[PDB]
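Below is coords-v2.cif, which holds mmCIF, N, CA and C atoms.
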```cif
data_start
loop_
_atom_site.label_atom_id
_atom_site.label_comp_id
_atom_site.auth_asym_id
_atom_site.auth_seq_id
_atom_site.Cartn_x
_atom_site.Cartn_y
_atom_site.Cartn_z
N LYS M 45 124.29 103.35 111.41
CA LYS M 45 124.39 104.75 111.53
C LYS M 45 122.93 105.27 111.89
N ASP M 46 121.98 104.76 111.08
CA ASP M 46 120.59 105.27 111.30
C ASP M 46 119.77 104.17 111.99
N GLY M 47 120.07 103.92 113.32
CA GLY M 47 119.32 102.84 113.88
C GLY M 47 117.87 103.27 114.07
N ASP M 48 117.63 103.97 115.17
CA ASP M 48 116.20 104.38 115.38
C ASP M 48 116.05 105.87 115.14
N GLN M 49 115.07 106.27 114.31
CA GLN M 49 114.90 107.70 114.15
C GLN M 49 113.78 108.18 115.05
N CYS M 50 113.03 107.22 115.64
CA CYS M 50 111.86 107.72 116.42
C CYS M 50 112.08 107.43 117.92
N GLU M 51 113.28 107.03 118.27
CA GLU M 51 113.47 106.77 119.74
C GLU M 51 113.58 108.08 120.53
N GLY M 52 113.12 109.17 119.94
CA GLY M 52 113.21 110.39 120.74
C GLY M 52 111.88 111.16 120.73
N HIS M 53 110.80 110.38 120.56
CA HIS M 53 109.46 111.04 120.59
C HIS M 53 109.44 112.29 119.68
N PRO M 54 109.40 112.08 118.36
CA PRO M 54 109.36 113.16 117.44
C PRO M 54 107.93 113.75 117.35
N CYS M 55 106.92 112.87 117.45
CA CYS M 55 105.56 113.45 117.37
C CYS M 55 105.07 113.86 118.76
N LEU M 56 104.24 114.92 118.80
CA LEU M 56 103.79 115.34 120.15
C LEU M 56 102.36 114.80 120.40
N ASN M 57 101.86 115.00 121.61
CA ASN M 57 100.54 114.55 121.89
C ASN M 57 100.23 113.25 121.13
N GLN M 58 100.92 112.19 121.56
CA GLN M 58 100.60 110.85 120.97
C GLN M 58 100.25 110.96 119.45
N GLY M 59 101.15 111.57 118.67
CA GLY M 59 100.92 111.47 117.23
C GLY M 59 101.25 110.06 116.77
N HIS M 60 101.03 109.88 115.48
CA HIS M 60 101.40 108.56 114.96
C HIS M 60 102.84 108.61 114.50
N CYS M 61 103.61 107.58 114.82
CA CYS M 61 105.03 107.73 114.46
C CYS M 61 105.53 106.41 113.85
N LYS M 62 106.16 106.52 112.67
CA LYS M 62 106.75 105.27 112.14
C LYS M 62 108.11 105.62 111.51
N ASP M 63 109.15 104.91 111.94
CA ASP M 63 110.49 105.29 111.33
C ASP M 63 110.52 104.87 109.86
N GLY M 64 111.45 105.42 109.12
CA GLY M 64 111.43 104.97 107.71
C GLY M 64 112.79 105.07 107.06
N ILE M 65 113.02 106.23 106.44
CA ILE M 65 114.33 106.34 105.81
C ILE M 65 115.17 107.43 106.51
N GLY M 66 115.33 107.30 107.82
CA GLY M 66 116.15 108.36 108.44
C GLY M 66 115.27 109.49 108.98
N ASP M 67 114.57 110.09 108.05
CA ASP M 67 113.79 111.27 108.49
C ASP M 67 112.51 110.82 109.19
N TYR M 68 112.39 109.54 109.33
CA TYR M 68 111.14 109.01 109.95
C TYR M 68 109.89 109.79 109.45
N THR M 69 108.73 109.38 109.93
CA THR M 69 107.55 110.11 109.48
C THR M 69 106.64 110.27 110.67
N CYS M 70 105.96 111.40 110.69
CA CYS M 70 105.07 111.56 111.84
C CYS M 70 103.71 112.00 111.36
N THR M 71 102.72 111.17 111.64
CA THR M 71 101.37 111.62 111.26
C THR M 71 100.59 111.99 112.53
N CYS M 72 99.63 112.89 112.38
CA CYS M 72 98.88 113.24 113.59
C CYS M 72 97.58 112.46 113.63
N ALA M 73 97.13 112.15 114.85
CA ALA M 73 95.83 111.42 114.89
C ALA M 73 94.70 112.37 114.50
N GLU M 74 93.55 111.78 114.17
CA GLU M 74 92.50 112.69 113.78
C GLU M 74 92.08 113.55 114.99
N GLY M 75 92.55 114.78 114.98
CA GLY M 75 92.30 115.55 116.17
C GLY M 75 93.38 116.58 116.33
N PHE M 76 94.62 116.08 116.10
CA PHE M 76 95.72 117.02 116.21
C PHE M 76 96.24 117.37 114.81
N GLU M 77 96.87 118.54 114.70
CA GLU M 77 97.38 118.84 113.39
C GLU M 77 98.68 119.65 113.54
N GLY M 78 99.63 119.38 112.64
CA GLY M 78 100.85 120.24 112.77
C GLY M 78 102.09 119.40 112.53
N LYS M 79 103.19 120.12 112.34
CA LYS M 79 104.41 119.38 112.19
C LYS M 79 104.47 118.22 113.19
N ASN M 80 104.30 118.57 114.47
CA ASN M 80 104.38 117.50 115.46
C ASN M 80 102.99 117.24 116.04
N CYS M 81 101.96 117.76 115.38
CA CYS M 81 100.64 117.58 116.02
C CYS M 81 100.56 118.49 117.24
N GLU M 82 101.34 119.56 117.20
CA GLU M 82 101.35 120.41 118.42
C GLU M 82 100.05 121.16 118.56
N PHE M 83 99.44 121.47 117.42
CA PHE M 83 98.21 122.26 117.53
C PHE M 83 97.04 121.32 117.69
N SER M 84 96.05 121.72 118.49
CA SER M 84 94.91 120.81 118.61
C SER M 84 93.70 121.47 117.93
N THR M 85 92.82 120.64 117.39
CA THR M 85 91.68 121.29 116.77
C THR M 85 90.56 121.56 117.81
N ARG M 86 90.99 121.94 119.02
CA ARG M 86 89.99 122.21 120.02
C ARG M 86 89.42 123.64 119.82
#
```

Render the structure in this file as structure tokens.
Amino acid sequence: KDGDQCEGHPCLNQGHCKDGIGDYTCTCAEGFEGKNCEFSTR
């Protein structure tokens, strides 16, 4: 039922992405910040 949770590019701007328990998890690289790393610290 829950094969891949990250096969749809959940994180933006090359965030860090690792599937886990369905809700997968998305971390931002040092530089981006936000739910999807949408905001940049520029």

| query | Which residues come within 8 Å of residue 58 (chain M), counting all atoms listed in the file, excluding same-chain residues fewer than 5 positions away, as a PyMOL selection string? | reply | chain M and resi 71-73+80-81

Apply the PyMOL selection byres ((chain M and resi 75) around 6.5) to the displayed file and report the matching residues as a tab-separated table (two decimals) with N, CA and C atoms, in the frame of the given file.
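Generated file (expr28.tsv):
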```tsv
chain	number	residue	atom	x	y	z
M	72	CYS	N	99.63	112.89	112.38
M	72	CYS	CA	98.88	113.24	113.59
M	72	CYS	C	97.58	112.46	113.63
M	73	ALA	N	97.13	112.15	114.85
M	73	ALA	CA	95.83	111.42	114.89
M	73	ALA	C	94.70	112.37	114.50
M	74	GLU	N	93.55	111.78	114.17
M	74	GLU	CA	92.50	112.69	113.78
M	74	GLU	C	92.08	113.55	114.99
M	76	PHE	N	94.62	116.08	116.10
M	76	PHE	CA	95.72	117.02	116.21
M	76	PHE	C	96.24	117.37	114.81
M	77	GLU	N	96.87	118.54	114.70
M	77	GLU	CA	97.38	118.84	113.39
M	77	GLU	C	98.68	119.65	113.54
M	83	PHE	N	99.44	121.47	117.42
M	83	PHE	CA	98.21	122.26	117.53
M	83	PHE	C	97.04	121.32	117.69
M	84	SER	N	96.05	121.72	118.49
M	84	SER	CA	94.91	120.81	118.61
M	84	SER	C	93.70	121.47	117.93
M	85	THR	N	92.82	120.64	117.39
M	85	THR	CA	91.68	121.29	116.77
M	85	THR	C	90.56	121.56	117.81
M	86	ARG	N	90.99	121.94	119.02
M	86	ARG	CA	89.99	122.21	120.02
M	86	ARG	C	89.42	123.64	119.82
```

| request: Tell me, in Å to one decimal, how far CA of residue 78 (chain M) is from atom C of residue 52 (chain M). | output: 16.4 Å

| request: Convert the output of the PyMOL selection byres (((chain M and resi 45 and name CA) around 12) and name CA) on the shown file into explicit residues, formatted as a list in words. | output: residues 46, 47, 48, 49, 65 and 66 of chain M

| request: Identify all residues satisfying the PyMOL selection byres (((chain M and resi 55 and name CA) around 6) and name CA) in the given file; provide them as a PyMOL selection string. | output: chain M and resi 53-54+56+59+70+80

With 3 Å on each side, where is the centre of the axis-aligned box around all listed atoms of region 74-84 of chain M, and how long are its edges in Å to one decimal, as AutoDock Vina command-line options?
```
--center_x 98.3 --center_y 117.0 --center_z 115.4 --size_x 18.4 --size_y 16.5 --size_z 12.4
```

| query | What gap, in Å, lies between atom C of residue 57 (chain M) and atom C of residue 69 (chain M)? | reply | 12.6 Å

| Hey, can you check how far atom N of residue 62 (chain M) sits from CA of residue 82 (chain M)? |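 Taking atom N of residue 62 (chain M) and CA of residue 82 (chain M), their separation equals 15.8 Å.
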